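Heads up, the chain below is alone and in the form deposited in one PDB entry; it's given as structure tokens.
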């Protein structure tokens, strides 16, 4: 089973972006990670995953933030980005077309 408890993740932008994409941000629905680039800084941390909700970046609350102000935050976070993430597959799947959550907590797209 995948821990559902919140976690703190420090990513290092360094050369390129943060290596991941987000969705949501409409009506305080939240901001979720929908894709992680292989070899990117997010992947390199090996702590994040698709389905994770960004609760905050460098302390700035982002739960009820919008995709645009979340993008702005992440982009301003700097070289050393600290992220508070929480696995929410069910809440994430309603965002991805033809996606669902199997009985192991994993997100599946038929």
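Numbering follows the first chain given and starts at 1.
- For the pair 86-94 and 8-16, the record assigns the higher mean C-alpha temperature factor to 8-16.
- Averaged over Cα atoms, the B-factor as recorded in the entry is higher for 54-62 than for the other of 54-62 and 40-48.
- Residue 77: CA B factor in the highest third of modelled residues in this chain (values from the PDB entry).
Quick note: we don't show the form deposited with a partner chain bound, though the next part is all about it.
- Under a 4.5 angstroms non-hydrogen atom cutoff, its partner chain in the deposited complex lacks residue 9 among its neighbouring residues.
- Put simply, residue 49 is far from its partner chain in the deposited complex: not one heavy atom of it is within 4.5 Å.
- Among residues of the shown chain, residue 34 is one whose heavy atoms approach its partner chain to within 4.5 Å in the deposited complex.
- Its partner chain in the deposited complex is not approached by residue 60, whose heavy atoms all lie more than 4.5 angstroms from it.
- The listed set 44, 84, 71, 77 contains one residue whose heavy atoms approach its partner chain in the deposited complex to within 4.5 Å, identified as 71.
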